[PDB]
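Asks: Numbered according to mature numbering (1 follows the signal peptide of the UniProt record, and there is no 0), the sequence shown spans residues 2 to 259. Note that the Cβ used here is the ideal one computed from N, Cα and C, for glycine as well.
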Amino acid sequence: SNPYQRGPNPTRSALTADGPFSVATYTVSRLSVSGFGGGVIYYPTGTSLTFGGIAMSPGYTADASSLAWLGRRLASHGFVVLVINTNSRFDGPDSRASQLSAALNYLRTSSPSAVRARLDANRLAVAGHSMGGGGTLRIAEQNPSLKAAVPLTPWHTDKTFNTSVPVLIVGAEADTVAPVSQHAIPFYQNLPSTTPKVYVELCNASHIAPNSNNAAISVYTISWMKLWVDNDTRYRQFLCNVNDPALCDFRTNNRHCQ
């Protein structure tokens, strides 16, 4: 058996709404922590099981509420999710990477008792929007023990990231803030050919598509986290041999399908 498998057999429809786990929230004040700006933890309740953890970063001038829907969505499918606020809303992508690192260390070592009781500190991943997506790529470079990384409409002025962490990038076709031709697609192509990687492009979507309920972002983020954080091969079906009308491009080296 797989000891990390959680929840019933998935259907695509089930991954476009909140999942089977009830969700509690814990607000982390910025005065209570060092190395990042606090944020909000979404985590399963009404259960005795433990789950993998995810640290998520918002983008430039944005706060954790810009990703609240996705933190709740992920936690409801079986994850402990900390959506951070940054020390300053103006911090850049590599500063955001440092703060994801501090947030992960916090989850593992000094999170509240109710949160720590649901976390398997051995299985952690990262995600982030915009400059927070650039920070996701950088921390994946810095910490190869992470299980997965999902940069959402990522922005960074560096374009080559040497990481072995499995990466799924979400680009937005019509993005004029981090245009896919200058950001998402170069990040995808410049990742090592030996790293499991996937690129999905949302049809006629803008840079802020990740900041509100989005069925495609839901399906692919849940599935990538399930497959790699939980070793849950039941979610391969949503990531292999895909034809999704909400997508106008899908690329992969297919290392995750077997």
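So what's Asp95 in DSSP terms, helix, strand or just coil?
Replies: Mapped onto the sequence shown, residue 95 falls at position 94. Reduced to three states, the DSSP call for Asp95 is helix.
Asks: Please report the Cβ distance between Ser213 and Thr17, rounded to the nearest whole angstrom; I am assuming they are in contact, meaning their Cβ atoms lie under 8 Å.
Replies: Here the question's residue 213 lines up with position 212 in the sequence shown. Here the question's residue 17 lines up with position 16 in the sequence shown. So it is not a contact: roughly 13 Å between Cβ atoms.
Asks: So if DSSP puts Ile170 in a beta bridge, which residue, or which two residues, is it bridged to?
Replies: For the purposes of this step, residue 170 is taken as residue 169 along the sequence shown, with counting starting at 1. Per DSSP, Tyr200.
Asks: According to the neighbour-count rule (16 or more other Cβ atoms, all chains shown, within 10 Å of its Cβ), is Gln6 buried or exposed?
Replies: In the sequence shown, counting from the first residue as 1, residue 6 sits at position 5. Exposed, by the Cβ-count rule.
Asks: Within 10 Å of its beta-carbon, does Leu228 have 16 or more other beta-carbons around it, so buried, or fewer, so exposed?
Replies: One-based indexing of the sequence shown puts residue 228 at position 227. Looking at its Cβ environment, which holds 16 or more other Cβ atoms inside 10 Å, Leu228 is buried.
Asks: Have a look at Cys241 and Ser33 and give me their C-alpha separation to the nearest angstrom.
Replies: Translated into positions along the sequence shown, residue 241 becomes position 240. Translated into positions along the sequence shown, residue 33 becomes position 32. So the two alpha carbons sit approximately 43 Å from each other.
Asks: Quick one, are the C-beta atoms of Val116 and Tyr189 less than 8 Å apart?
Replies: Taking the first residue of the sequence shown as position 1, residue 116 is located at position 115. Taking the first residue of the sequence shown as position 1, residue 189 is located at position 188. For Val116 and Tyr189, no; Cβs fall outside 8 Å.
Asks: Starting from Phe251, trace the beta strand (DSSP E) both ways and give me its first and last residue.
Replies: The residue you call residue 251 lines up with position 250 of the sequence shown. Looking at the DSSP string, the run of the beta strand (DSSP E) that includes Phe251 is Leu248 to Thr253.
Asks: Assuming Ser111 contacts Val178 (C-beta within less than 8 Å), just tell me the rounded distance between them.
Replies: Within the sequence shown, numbered from 1, the residue matching residue 111 stands at position 110. Within the sequence shown, numbered from 1, the residue matching residue 178 stands at position 177. So it is not a contact: roughly 35 Å between Cβ atoms.
Asks: Just the C-alpha distance for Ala185 and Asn163, rounded to the nearest angstrom, thanks.
Replies: Within the sequence shown, the letter at position 184 stands for residue 185. Within the sequence shown, the letter at position 162 stands for residue 163. Each residue's Cα considered, the two are about 15 Å apart.
Asks: According to the Cβ coordinates, are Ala104 and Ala56 closer than 8 Å?
Replies: Position 103 of the sequence shown, counting from 1, holds the residue named residue 104. Position 55 of the sequence shown, counting from 1, holds the residue named residue 56. Yes. Within cutoff.
Asks: So for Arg124, helix, strand or coil by DSSP?
Replies: Along the sequence shown, read from residue 1 onward, the residue named residue 124 stands at position 123. Three-state DSSP puts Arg124 in a strand.
Asks: Determine, using beta-carbon pairs with one atom in the region 70-85 and one in the region 134-150, whether at least three such pairs fall under 8 Å.
Replies: Counting Cβ pairs under 8 Å, fewer than three are found: no touch.
Asks: State the DSSP-derived secondary structure class of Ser224, mapped to helix, strand or coil.
Replies: As a working note, residue 224 is residue 223 in the sequence shown. Helix.
Asks: Using the C-alpha atoms, what's the distance from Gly20 back to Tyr200?
Replies: As a first step, residue 200 is located in the sequence shown; it is residue number 199 there, counting from the start. As a first step, residue 20 is located in the sequence shown; it is residue number 19 there, counting from the start. Answer to the nearest angstrom: the Cα atoms are 24 Å apart.
Asks: Leaving out the 5 sequence neighbours to the left and right, which residues in its chain are closer than 6 Å to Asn88 when beta-carbon positions are compared?
Replies: The residue given as residue 88 occupies position 87 in the sequence shown. Closer than 6 Å at the Cβ level, and outside the excluded window around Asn88, lie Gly38.
Asks: Among residues of its own chain, excluding the 5 on either side of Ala206, which ones have a beta-carbon nearer than 7 Å to its beta-carbon?
Replies: Numbered from 1 along the sequence shown, position 205 holds the residue referred to as residue 206. Hits under 7 Å: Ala173, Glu174 and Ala175.
Asks: Below 8 Å between beta carbons: does that hold for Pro11 and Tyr221?
Replies: Locating residue 11 in the sequence shown gives position 10, where the first residue counts as 1. Locating residue 221 in the sequence shown gives position 220, where the first residue counts as 1. No, they are not a contact pair.
Asks: In terms of residue numbering, what span does the alpha helix (DSSP H) encompassing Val116 cover?
Replies: Indexing the sequence shown from 1 puts residue 116 at position 115. First-last of the alpha helix (DSSP H) with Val116: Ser114 to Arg117.
Asks: Can you check DSSP and say which residues form a bridge with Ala150?
Replies: Translated into positions along the sequence shown, residue 150 becomes position 149. Answer is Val127 and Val168, bridged to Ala150.
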